[PDB]
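Structure, as structure tokens:
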Amino acid sequence: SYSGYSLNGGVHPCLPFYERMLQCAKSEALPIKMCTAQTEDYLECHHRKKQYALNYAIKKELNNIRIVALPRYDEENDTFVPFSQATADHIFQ
Amino acid sequence: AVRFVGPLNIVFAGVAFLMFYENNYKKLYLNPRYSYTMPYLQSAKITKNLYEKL
Amino acid sequence: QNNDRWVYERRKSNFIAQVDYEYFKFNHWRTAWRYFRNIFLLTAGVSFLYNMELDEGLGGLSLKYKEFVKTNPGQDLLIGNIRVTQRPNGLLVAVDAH
Amino acid sequence: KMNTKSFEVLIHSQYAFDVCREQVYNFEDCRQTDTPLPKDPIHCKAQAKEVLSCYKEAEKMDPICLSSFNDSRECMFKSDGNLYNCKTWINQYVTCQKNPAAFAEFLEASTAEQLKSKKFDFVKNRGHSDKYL
Amino acid sequence: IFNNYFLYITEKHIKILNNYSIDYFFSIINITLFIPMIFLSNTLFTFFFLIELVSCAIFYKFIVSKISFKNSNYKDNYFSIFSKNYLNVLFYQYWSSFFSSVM
Amino acid sequence: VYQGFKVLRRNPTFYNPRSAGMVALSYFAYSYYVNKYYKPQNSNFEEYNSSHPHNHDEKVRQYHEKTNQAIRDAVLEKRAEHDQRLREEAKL
Amino acid sequence: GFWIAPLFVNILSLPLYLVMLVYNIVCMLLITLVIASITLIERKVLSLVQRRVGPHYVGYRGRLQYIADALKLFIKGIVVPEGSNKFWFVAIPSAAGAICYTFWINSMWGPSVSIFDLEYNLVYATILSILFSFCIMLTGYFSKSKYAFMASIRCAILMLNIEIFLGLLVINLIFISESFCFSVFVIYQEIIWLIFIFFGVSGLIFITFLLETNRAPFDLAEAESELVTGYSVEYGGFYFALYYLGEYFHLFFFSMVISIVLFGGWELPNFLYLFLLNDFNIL
Amino acid sequence: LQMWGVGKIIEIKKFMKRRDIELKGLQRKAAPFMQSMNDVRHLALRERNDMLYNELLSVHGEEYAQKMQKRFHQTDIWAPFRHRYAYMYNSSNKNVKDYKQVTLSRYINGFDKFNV
Amino acid sequence: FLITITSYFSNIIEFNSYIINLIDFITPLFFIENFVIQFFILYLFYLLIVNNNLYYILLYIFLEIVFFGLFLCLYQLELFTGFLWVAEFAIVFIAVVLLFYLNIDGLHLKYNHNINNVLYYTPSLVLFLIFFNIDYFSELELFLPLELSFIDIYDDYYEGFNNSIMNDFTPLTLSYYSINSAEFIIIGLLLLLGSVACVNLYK
Amino acid sequence: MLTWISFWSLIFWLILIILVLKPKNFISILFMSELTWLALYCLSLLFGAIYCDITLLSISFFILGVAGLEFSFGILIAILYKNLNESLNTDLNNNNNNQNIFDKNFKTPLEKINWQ
Amino acid sequence: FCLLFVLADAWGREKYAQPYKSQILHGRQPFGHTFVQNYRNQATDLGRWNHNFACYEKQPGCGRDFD
Amino acid sequence: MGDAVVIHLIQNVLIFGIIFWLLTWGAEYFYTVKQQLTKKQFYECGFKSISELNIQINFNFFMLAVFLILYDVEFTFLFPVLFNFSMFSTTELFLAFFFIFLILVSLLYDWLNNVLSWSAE
Ligand SMILES: CCCCCCCCCCCCCCCCCC(=O)OC[C@H](COP(=O)([O-])OCC[N+](C)(C)C)OC(=O)CCCCCCCCCCCCCCCCC
Ligand SMILES: CCCCCCCCCCCCCCCCCC(=O)OC[C@H](COP(=O)([O-])OCC[N+](C)(C)C)OC(=O)CCCCCCCCCCCCCCCCC
Ligand SMILES: CCCCCCCCCCCCCCCCCC(=O)OC[C@H](COP(=O)([O-])OCC[N+](C)(C)C)OC(=O)CCCCCCCCCCCCCCCCC
Ligand SMILES: CCCCCCCCCCCCCCCCCC(=O)OC[C@H](COP(=O)([O-])OCC[N+](C)(C)C)OC(=O)CCCCCCCCCCCCCCCCC
Ligand SMILES: CCCCCCCCCCCCCCCCCC(=O)OC[C@H](COP(=O)([O-])OCC[N+](C)(C)C)OC(=O)CCCCCCCCCCCCCCCCC
Ligand SMILES: CCCCCCCCCCCCCCCCCC(=O)OC[C@H](COP(=O)([O-])OCC[N+](C)(C)C)OC(=O)CCCCCCCCCCCCCCCCC
Ligand SMILES: CCCCCCCCCCCCCCCCCC(=O)OC[C@H](COP(=O)([O-])OCC[N+](C)(C)C)OC(=O)CCCCCCCCCCCCCCCCC
Ligand SMILES: CCCCCCCCCCCCCCCCCC(=O)OC[C@H](COP(=O)(O)OCCN)OC(=O)CCCCCCCCCCCCCCCCC
Ligand SMILES: CCCCCCCCCCCCCCCCCC(=O)OC[C@H](COP(=O)(O)OCCN)OC(=O)CCCCCCCCCCCCCCCCC
Ligand SMILES: CCCCCCCCCCCCCCCC(=O)OC[C@H](COP(=O)(O)O)OC(=O)CCCCCCCCCCCCCCC
């Protein structure tokens with residue numbers, strides 16, 4: 001069964017989606033066709049297929065030559081500065 | 001020149017040396033180095049701040 | 001005795017002793033080393049060399065643009081039929097010059 | 001974000017919780033949810049930034065507080081982050097921070113034993129029924 | 001209901017002749033008590049555990065099968081007769097249970 | 001290892017080095033085959049969400065997605081209209 | 001230097017591993033000396049019980065008796081029986097020695113004074129004891145002496161009993177501490193030693209201690225009257241020295257375990273002034 | 001003796017719990033600021049990843065990139081992606097280090113950074 | 001420079017777009033520890049295949065248990081590693097005693113595995129390996145840079161100070177005594193009935 | 001080289017193949033069955049960690065108990081082999097010729113087939 | 001005998017205040033337990049959940065803050 | 001449970017045993033071993049052993065191991081409730097007592113049938 005607990009006794013991360021899916025299934029007269037959104041959200045939170053597809057696409061893009069240098073992160077101001085600009089915290093300096 | 005080891009062995013030694021040197025170089029000069037990972041190369045000073053390069 | 005019948009009728013041939021001149025050469029281990037180095041080269045060495053060359057090129061382009069901005073900021077760097085341009089968010093991208 | 005270490009952040013927060021109370025309340029209200037699962041930080045980013053700015057403002061201390069802050073830091077170093085064991089020193093730091101003018105008389109009314117170097121060794125002095133929690 | 005009817009017939013047969021021990025019918029009692037609970041299973045997990053318990057009970061029943069009878073054959077008093085039926089039953093039941101359980 | 005030599009005399013490296021090498025080579029080849037060819041084929045992520053998918057499975061998946069979206073939109077619109085009509089009739 | 005530094009990244013760390021090895025060697029040598037002193041103490045205590053002087057002339061007043069016996073065990077020559085398996089005959093004592101010299105890792109000498117940050121100390125102790133019993137059984141089997149094999153079977157029976165006995169003791173103990181770490185017991189034992197709760201089963205605790213230590217009345221594996229010597233009837237020299245060292249290591253460390261889990265560990269007996277003590281101090 | 005000792009142990013446990021109440025209060029006082037810092041860092045990393053994903057995927061099309069990034073129909077629930085969920089140490093990590101650091105830091109000085 | 005060399009006839013972007021597929025195909029992605037663990041598991045399987053001595057079979061089963069525990073430790077399930085080891089070392093001990101009782105000398109059946117290996121097992125295994133993969137989309141480590149993953153750094157301090165647990169048995173108790181208590185009781189009854197069956201089999 | 005999910009999914013059936021492949025000696029089959037149960041134990045723990053499923057994590061002790069009970073039954077059957085006069089090597093319990101065995105040879109318990 | 005004694009004592013502990021009644025009859029379990037146990041439980045009907053304090057509205061002293 | 005320090009300590013323990021190996025080898029210099037007929041034969045209290053490698057024992061106490069296999073798991077099932085007994089409720093208390101009672105009844109049945117003692121075979 002779906003206990004709904006985490007691995008430290010907390011709450012399973014899928015519990016909101018599972019509750020929504022069960023509520024929709026109970027309420028709808030045609031749960032299979034009318035709860036597609038909730039069921040897909042639950043299945044996504046469970047399997048993470050879409051994130052794996054995104055990671056696969058990102059790996060292919062990284063293999064392709066399009067990115068040279070990402071902007072540095074100024075943590076003091078919580079901003080992003082272009083890699084071209086020189087900063088004290090910069091690795092190369 | 002004359003070599004007791006074969007050309008393939010020479011190629012293996014060269015590529016292995018390149019792998020070793022490139023790995024160490026990227027770990028030593030292209031790293032934030034906020035964590036003490038290479039002893040005797042990063043400083044062992046006492047840091048008074050969250051981020052201090054070692 | 002029928003349980004041990006096989007051993008009774010087994011025909012065992014006396015050993016012939018010969019001097020082994022290539023025992024210490026470890027030819028089987030030499031063959032293992034040859035196979036290992038061939039596979040290692042063909043896959044890992046080629047992949048590492050190509051990836052290292054790509055990384056060196058990307059780092060060189062980054063440093064070249066970093067130096068180029070000082071001389072003239074805002075101009076895209078053209079090198080090797082490639083255009084290196086900085087997006088407004090600050091992300092350098094290399095695209096086809098043409 | 002702060003360039004400050006964890007235990008020092010805890011010590012500073014023990015006082016800052018009373019100066020930026022409205023910001024803390026705003027952040028808590030923003031992050032409130034109907035389930036124990038955490039809320040997305042993207043919604044509470046603004047309140048978090050406000051809280052952090054107020055914390056930056058509060059982290060400043062008078063020089064007279066330096067001795068109390070240092071002894072609290074030593075206590076929190078010798079004990080691996082146990083706030084309860086070091087609350088007395090943290091409480092002294094909070095008192096010095098709040099109305100530092102009276103901390104002069106606080107220190108003046110000090111005994112010979114109190115006017116001594118404070119060394120902490122919890123292995124040698126475990127305490128009384130310390131659960132470490 | 002079916003278990004009750006079969007138990008009734010078995011009682012009549014036992015009154016006719018007794019070649020079955022009390023442990024045999026204690027195992028039957030356990031099987032009858034625990035086997036109908038399977039249809040109340042709401043999850044495959046509980047179904048697996050219930051069927052495992054029932055399988056243990058059936059293995060108990062097979063273990064308590066009578067082996068040696070007091071027949072009218074007086075020719076094997078001083079000779080060894082080998083019968084492998086008991087081991088075959090136990091072996092096959094045990095390994096079938098193992099395969100089914102793991103799968 | 002106390003008495004390391006006496007302990008490692010018989011089996012320094014392997015008992016059947018040839019078979020150990022065959023095991024290693026088979027494991028390497030099978031991992032290569034799976035990861036590079038077989039699992040990617042089953043995952044079918046090469047043309048995922050492509051605007052012009054050339055794969056029948058991807059086309060079917062996109063058809064399912066668009067059809068479900070259309071069904072949800074139509075039913076939501078119809079339910080909104082039905083609720084509005086009921087509310088209007090209530091105050092009469 | 002810029003282009004030479006990468007070559008030494010992995011070369012400058014080997015001295016650190018050497019230092020770690022040196023520290024481990026020092027700890028193992030010190031614990032070996034402790035066990036040797038324990039053997040001398042055992043001889044002297046038995047001498048007191050039997051009203052005799054005991055070791056008195058190996059070193060002035062018998063101060064170096066353990067050193068002498070260790071050196072003699074090193075010196076003694078060893079021969080493997082022809083019928084016995086040469087590989088296993090030496091492999092088993094080597095594994096036993098490795099396990100016995102690994103025993104000391106699962107020891108605490110303070111609130112967190114342990115070489116490693118281990119939590120499942122009781123699990124480690126059980127596993128190490130099972131491994132040592134494995135080694136004893138294999139020793140008895142591969143030394144084809146019938147007496148040694150019977151000693152191995154006796155060791156198996158002792159292990160069977162120890163499983164349930166020590167498991168039940170640990171089950172009762174964890175019910176209070178709620179952890180397998182030795183430290184968590186002392187915090188509860190500060191006021192009263194945990195042995196007071198178990199005072200009724202004090203006899204069973206004594207039985208458990210003796211059974212785990214393989215001391216009388218539980219010296220069945222090494223019974224020298226029922227069997228010639230026991231599992232070591234065909235082992236001499238340092239091969240037998242290793243088994244003796246392992247037995248004494250187990251004795252010492254299980255004595256430590258009992259002291260920590262039931263007798264306050266490193267807490268003084270404050271229960272002797274319980275009536276006069278105050279539970280709070282409010283100014 | 002058994003009954004009295006069990007009672008005494010329960011007394012000790014309840015005293016520990018009494019002090020745990022105050023420890024929890026102090027931890028609550030310190031919680032909001034550390035949570036804010038952690039959230040800001042988490043959002044900074046998310047922004048970097050979003051920029052990288054947009055740059056990499058926008059070549060095929062803005063709609064394609066949006067479809068790839070979108071994961072949930074209903075966004076009222078936050079479900080971070082994880083390859084696995086931590087179990088040991090109350091879903092925490094004891095050794096936030098490399099294996100080499102974990103081995104060496106127990107014997108060699110300089111690896112620990114003295115968080116005070 | 002590769003860019004300079006390519007610029008004479010094409011662009012580095014095009015050259016990479018053409019060669020990167022082959023580079024990825026020939027790129028080996030793995031960690032040394034994972035490779036070692038998996039190889040030793042498979043090698044122990046091979047040793048089990050080729051060894052008929054019961055004592056060595058038991059030794060290799062024990063080593064397989066050790067390597068399973070090592071994998072669990074690497075995956076950070078240390079508590080389950082310890083429980084597995086304590087539960088199974090006793091089983092191995094009892095197995096050694098059983099081997100002493102039956103087949104003490106260690107002499108085994110004279111069996112030739114080559115005949116069946118070439119007749120049925122090698123081709124059947126080849127077909128099964130060719131057509132068997134249940135892993136749908138799981139990705140290896142090193143598939144993407146570790147710097148892209150960020151969730152593991154997230155910490156929930158509110159839940160942390162609201163959490164009072166101190167042991168790693170909380171899921172186990174919530175399962176055996178709260179949720180799966182039905183199966184817990186079924187296991188208890190099963191063990192009792194199994195003890196009865198064992199006694200009857202002894203009789 | 002292989003993801004843990006695929007590795008464990010494959011090695012479970014590989015262990016079953018080994019169990020079937022090895023010569024049928026009851027003790028060896030019992031050891032292989034124990035190994036199969038432990039493979040299921042590891043696989044269940046892996047999936048429980050992946051999916052944050054306390055039920056999958058808790059399946060560990062259920063598997064341990066079932067394996068223990070089956071091992072007890074196997075020990076009893078192996079001991080019962082003696083009283084039933086059956087070789088542990090089951091292949092020797094029948095007269096069918098087997099090329100896999102070097103020295104399988106059975107004769108009728110007689111001394112002379114022809115008397116006259 | 002000990003079980004009967006403790007059960008009788010537990011049923012007699014109803015005289016004491018709510019926090020000191022027998023835990024056999026009254027449940028006191030962590031927030032992870034209580035939330036899942038009483039999420040949609042109309043029998044208890046505790047109400048909404050306080051996220052940052054990990055308790056329901058109707059539980060005594062759910063949100064206890066300083067000052 | 002530890003970390004890689006445990007494996008490194010295993011390696012260190014092996015290196016330590018190499019020290020005893022060196023001492024044992026060095027000790028070889030202070031004695032000579034002559035070859036004699038019975039010097040490398042099995043010891044049987046001063047007489048030749050009739051049988052070697054056929055040393056089968058009688059495992060007539062196998063029921064104890066059989067029951068140990070079950071009771072180890074039964075005891076292992078009790079650990080989580082003992083660890084988290086501060087969280088006990090009516091259901092958990094009832095289940096723990098139920099399980100302990102089952103263990104006691106199984107032990108009582110074993111005692112009644114007298115399978116906890118040595119038998120003729
Ligand atoms: C024992 C201590 C170490 C154990 C752990 C070691 C690390 C983990 C295991 C790694 C695999 C090691 C296997 C070596 C076995 C060698 C056996 C042998 O000598 O066989 C010779 C045999 C026999 O030698 P031969 O044929 O010359 O002599 C025999 C002659 N006849 C046939 C006539 C009898 O050669 C072969 O035919 C088969 C060779 C197979 C070699 C396989 C090498 C490994 C393949 C995988 C490489 C993957 C590389 C990935 C790189 C990634 C980037 C870093
Ligand atoms: C911690 C304890 C330390 C002390 C331990 C004791 C040390 C001293 C004894 C050690 C050896 C044991 C005694 C051997 C006596 C017999 C000598 C003999 O016949 O030869 C021995 C062995 C012979 O092996 P073999 O081929 O005969 O093995 C088969 C054995 N039988 C016949 C039983 C089946 O010599 C060698 O194998 C040497 C060549 C191969 C060495 C191993 C290569 C692969 C693993 C290492 C890889 C290293 C890195 C390079 C690879 C690529 C890396 C990226
Ligand atoms: C923190 C942990 C602390 C504990 C660590 C303890 C580790 C101690 C290690 C000591 C050194 C041991 C030698 C290691 C070096 C390699 C040895 C080697 O050459 O291997 C070849 C041999 C195996 O190959 P082989 O050469 O004997 O024969 C091959 C098989 N045939 C011939 C049939 C083809 O390895 C061993 O067997 C070594 C065993 C050493 C003793 C280990 C005892 C452990 C406890 C019992 C386990 C269960 C046994 C059950 C079955 C009954 C017994 C068989
Ligand atoms: C792990 C090691 C063991 C730990 C055990 C836990 C501690 C228990 C301490 C003792 C508590 C009392 C238990 C019951 C004793 C009953 C004695 C008895 O039978 O008396 C009548 C006996 C004999 O009377 P009897 O009637 O029983 O038998 C005699 C029979 N007739 C009458 C026919 C002659 O009289 C005595 O002599 C009793 C002397 C008792 C002295 C006990 C001293 C024990 C000292 C060692 C204890 C361990 C100390 C550890 C310290 C650790 C510090 C860190
Ligand atoms: C018959 C002969 C009998 C011989 C009996 C000897 C018994 C065994 C004694 C072992 C313990 C000896 C301890 C000596 C002091 C060691 C100090 C040390 O290592 O520094 C740690 C210190 C720890 O300092 P650290 O932790 O601050 O190091 C990190 C430093 N930063 C951060 C800058 C990187 O390590 C170092 O100094 C670094 C270099 C280490 C180089 C390797 C040292 C090996 C020492 C081997 C000693 C062997 C003695 C043999 C004697 C033989 C006599 C015949
Ligand atoms: C020269 C030839 C070399 C040939 C190859 C060498 C083969 C060596 C085989 C044995 C060692 C294997 C090491 C790799 C696996 C490491 C697993 C791991 O990650 O654990 C650390 C992990 C550490 O994980 P962690 O929880 O600290 O998390 C680490 C966090 N990050 C990822 C950020 C670094 O261990 C644990 O978590 C729990 C502690 C486990 C302690 C186990 C103790 C017993 C070990 C007995 C080994 C006996 C081996 C010899 C005898 C048997 C035959 C092999
Ligand atoms: C960190 C602290 C470290 C402390 C370490 C302390 C340990 C010290 C160990 C000392 C060992 C001494 C061994 C002496 C061996 C020679 C004597 C002998 O055995 O005689 C029998 C045989 C000779 O027998 P024989 O035929 O001459 O007979 C002698 C008897 N009489 C006198 C009557 C004739 O040994 C030999 O074969 C001698 C020649 C070969 C050996 C030569 C010396 C080699 C030294 C190797 C040192 C290796 C060091 C490794 C270091 C790293 C370890 C990891
Ligand atoms: C200039 C800039 C740098 C350019 C790149 C340089 C890269 C490094 C060098 C790569 C080449 C290394 C040499 C490879 C030799 C291969 C020889 C061979 O395959 O012959 C079979 C070989 C011989 O058998 P043996 O047992 O040794 O007996 C001797 C019999 N004459 O048998 C063996 O020993 C075993 C052979 C194993 C073969 C494994 C094949 C793996 C193929 C993987 C896919 C590769 C596809 C091509 C990728 C190209 C990408 C650019
Ligand atoms: C502590 C808490 C509680 C837990 C306690 C845990 C107790 C664990 C008990 C372990 C017992 C170990 C001793 C017994 C087994 C010894 C190994 C063995 O028997 O091997 C059998 C099998 C291979 O056998 P075979 O193919 O015949 O060749 C033998 C080569 N060793 O073996 C195999 O399948 C694989 C064997 C691999 C051997 C690897 C040797 C590596 C040597 C490294 C030397 C140092 C350098 C290390 C470098 C590391 C770099 C990362
Ligand atoms: C766990 C280790 C520590 C021991 C903890 C448990 C202690 C249990 C005994 C507590 C005191 C009981 C006092 C009874 C007084 C009384 O009625 O006394 C009535 C009579 C008095 O007889 P006398 O005239 O000889 O004094 O005694 C009895 O009836 C004896 C009752 C049995 C006592 C045996 C010891 C306890 C064994 C465990 C309990 C099960 C007993 C079953 C008996 C059939």
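Residue numbers start at 1 in each chain; chains themselves are named A, B, ... in the order of the structure tokens; ligands are numbered from 1 in the order shown.
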
All helix (DSSP H, G or I) positions in range 10-183 of chain I, as a PyMOL selection string: chain I and resi 12-26+32-50+54-74+78-101+114-131+146-148+151-153+157-162+170-179+181-183

Residue hits in chain J, query chain A, radius 8 Å, only C-alpha atoms, as JSON, numbers by chain: {"J": [49, 51, 52, 53, 54, 55]}

10 Å contact set for residue 73 in chain H, only C-alpha atoms, chain neighbours under 5 positions out, as a PyMOL selection string: chain A and resi 37-38+40-41

Residues of chain E within 10 Å of chain J, counting only C-alpha atoms, as a list in words: residues 45, 49, 52, 56, 59, 81, 82, 83, 84, 85, 86, 87, 90, 91, 94, 95, 97, 98, 99, 101, 102 and 103 of chain E

Environment of ligand 2 within 6 Å, counting only C-alpha atoms and all ligand atoms, reported as number ranges by chain: C: 29; F: 1, 4-5, 8-17; L: 14-15

Surroundings of ligand 9 up to 8 Å, based on only C-alpha atoms and all ligand atoms, as an MDAnalysis selection string: (chainID F and resid 8 11:17 20) or (chainID G and resid 95 102 123:125 127:128 131) or (chainID I and resid 32:33 40:41 43:44 47 59:60 63:64 66 82 85) or (chainID L and resid 1 6 11)

Residue list for chain J near chain I as a list in words, 6 Å, only C-alpha atoms: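 In the required form, that comes to residues 1, 3, 6, 54, 58, 100, 101 and 102 of chain J.
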
Distance-based interface of chain L with chain K, 10 Å, counting only C-alpha atoms, as a PyMOL selection string: chain L and resi 86-94+97

At most 12 Å from ligand 7 (only C-alpha atoms and all ligand atoms): residue list as a count of residues only: 41

Shell of 8 Å around ligand 10 (only C-alpha atoms and all ligand atoms), written as a list in words: residues 198, 199, 200 and 201 of chain G; 2 of chain H

For the residues selected in the previous step, produce a file with C-alpha atoms as a JSON list (two decimals), in the first residue's frame.
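The result, stored in out19.json:
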[["chain", "number", "residue", "atom", "x", "y", "z"],
["G", 198, "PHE", "CA", 19.33, -6.14, 36.29],
["G", 199, "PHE", "CA", 20.24, -7.05, 39.88],
["G", 200, "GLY", "CA", 17.74, -9.90, 39.72],
["G", 201, "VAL", "CA", 19.43, -11.37, 36.64],
["H", 2, "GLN", "CA", 14.02, -3.35, 38.88]]

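Contacts with ligand 4 are defined as any residue atom within 6 Å of a ligand atom, using only C-alpha atoms and all ligand atoms; the residues meeting this criterion are residues 202, 205, 206, 209 and 263 of chain G.
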
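What separates CA of residue 133 in chain D from CA of residue 119 in chain D is a distance of 22.1 Å.
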
Residues within 7 Å of ligand 8, counting only C-alpha atoms and all ligand atoms, as JSON, numbers by chain: {"B": [8, 11], "C": [31, 34, 35, 38, 39, 41, 42, 43, 45, 46], "I": [22, 23, 26]}

Among the residues H:86, H:65, H:96, H:37, the one that comes closest to chain F [using only C-alpha atoms]: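 Closest to chain F, using only C-alpha atoms: H:65.
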
Within 10 Å of chain G, which residues of chain D show up? Give each one with its shortest atom-to-atom distance in Å (one decimal) and the two atoms involved, counting only C-alpha atoms, rows by chain then rising residue number, as CSV.
residue,atom,partner,partner_atom,distance
D:122,CA,G:111,CA,8.7
D:123,CA,G:111,CA,6.1
D:124,CA,G:110,CA,8.8
D:126,CA,G:111,CA,7.9
D:127,CA,G:187,CA,9.6
D:128,CA,G:190,CA,8.0
D:129,CA,G:187,CA,5.5
D:130,CA,G:187,CA,6.4
D:131,CA,G:187,CA,6.8
D:132,CA,G:187,CA,9.5

Using N, CA, C and O atoms, can you write the selected residues to a file as a PDB file, in the first residue's frame?
ATOM      1  N   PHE D 122      34.575  19.261  27.196  1.00  0.00           N
ATOM      2  CA  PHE D 122      33.374  18.513  27.554  1.00  0.00           C
ATOM      3  C   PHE D 122      33.677  17.047  27.836  1.00  0.00           C
ATOM      4  O   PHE D 122      32.946  16.404  28.596  1.00  0.00           O
ATOM      5  N   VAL D 123      34.730  16.497  27.232  1.00  0.00           N
ATOM      6  CA  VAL D 123      35.132  15.130  27.557  1.00  0.00           C
ATOM      7  C   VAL D 123      35.504  15.028  29.030  1.00  0.00           C
ATOM      8  O   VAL D 123      35.098  14.093  29.730  1.00  0.00           O
ATOM      9  N   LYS D 124      36.283  15.993  29.521  1.00  0.00           N
ATOM     10  CA  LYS D 124      36.648  16.007  30.933  1.00  0.00           C
ATOM     11  C   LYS D 124      35.456  16.376  31.809  1.00  0.00           C
ATOM     12  O   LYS D 124      35.295  15.830  32.905  1.00  0.00           O
ATOM     13  N   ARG D 126      31.665  16.318  31.244  1.00  0.00           N
ATOM     14  CA  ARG D 126      30.452  16.023  30.488  1.00  0.00           C
ATOM     15  C   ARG D 126      29.283  16.890  30.939  1.00  0.00           C
ATOM     16  O   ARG D 126      28.523  17.401  30.107  1.00  0.00           O
ATOM     17  N   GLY D 127      29.117  17.062  32.247  1.00  0.00           N
ATOM     18  CA  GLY D 127      27.986  17.795  32.782  1.00  0.00           C
ATOM     19  C   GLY D 127      27.054  16.902  33.570  1.00  0.00           C
ATOM     20  O   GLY D 127      27.501  15.949  34.213  1.00  0.00           O
ATOM     21  N   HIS D 128      25.754  17.193  33.528  1.00  0.00           N
ATOM     22  CA  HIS D 128      24.746  16.428  34.255  1.00  0.00           C
ATOM     23  C   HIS D 128      23.729  15.876  33.266  1.00  0.00           C
ATOM     24  O   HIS D 128      22.940  16.635  32.693  1.00  0.00           O
ATOM     25  N   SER D 129      23.745  14.559  33.077  1.00  0.00           N
ATOM     26  CA  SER D 129      22.737  13.866  32.278  1.00  0.00           C
ATOM     27  C   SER D 129      22.596  14.490  30.892  1.00  0.00           C
ATOM     28  O   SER D 129      21.493  14.720  30.393  1.00  0.00           O
ATOM     29  N   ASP D 130      23.736  14.763  30.263  1.00  0.00           N
ATOM     30  CA  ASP D 130      23.747  15.392  28.945  1.00  0.00           C
ATOM     31  C   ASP D 130      23.311  14.376  27.898  1.00  0.00           C
ATOM     32  O   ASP D 130      23.999  13.377  27.664  1.00  0.00           O
ATOM     33  N   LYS D 131      22.165  14.626  27.267  1.00  0.00           N
ATOM     34  CA  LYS D 131      21.673  13.773  26.194  1.00  0.00           C
ATOM     35  C   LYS D 131      22.296  14.111  24.847  1.00  0.00           C
ATOM     36  O   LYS D 131      22.151  13.331  23.902  1.00  0.00           O
ATOM     37  N   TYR D 132      23.003  15.236  24.741  1.00  0.00           N
ATOM     38  CA  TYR D 132      23.505  15.723  23.458  1.00  0.00           C
ATOM     39  C   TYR D 132      22.359  15.930  22.470  1.00  0.00           C
ATOM     40  O   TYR D 132      22.477  15.647  21.277  1.00  0.00           O
TER      41      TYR D 132
END

Residue 47 in chain B surroundings by only C-alpha atoms, 9 Å radius, close-in-sequence under 6 positions cut, as a PyMOL selection string: (chain B and resi 53-54) or (chain H and resi 113-115)

Counting only C-alpha atoms and all ligand atoms, the option among F:54, F:65, F:3, F:37 closest to ligand 3: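 Closest to ligand 3, using only C-alpha atoms and all ligand atoms: F:3.
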
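Distance annotation: of K:62, K:36, K:54, K:17, the residue with the minimal separation from chain I is K:54; atom set is only C-alpha atoms.
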
DSSP-assigned strand (DSSP E or B) members of range 2-90 of chain C, reported as a PyMOL selection string: chain C and resi 77-79+82-86
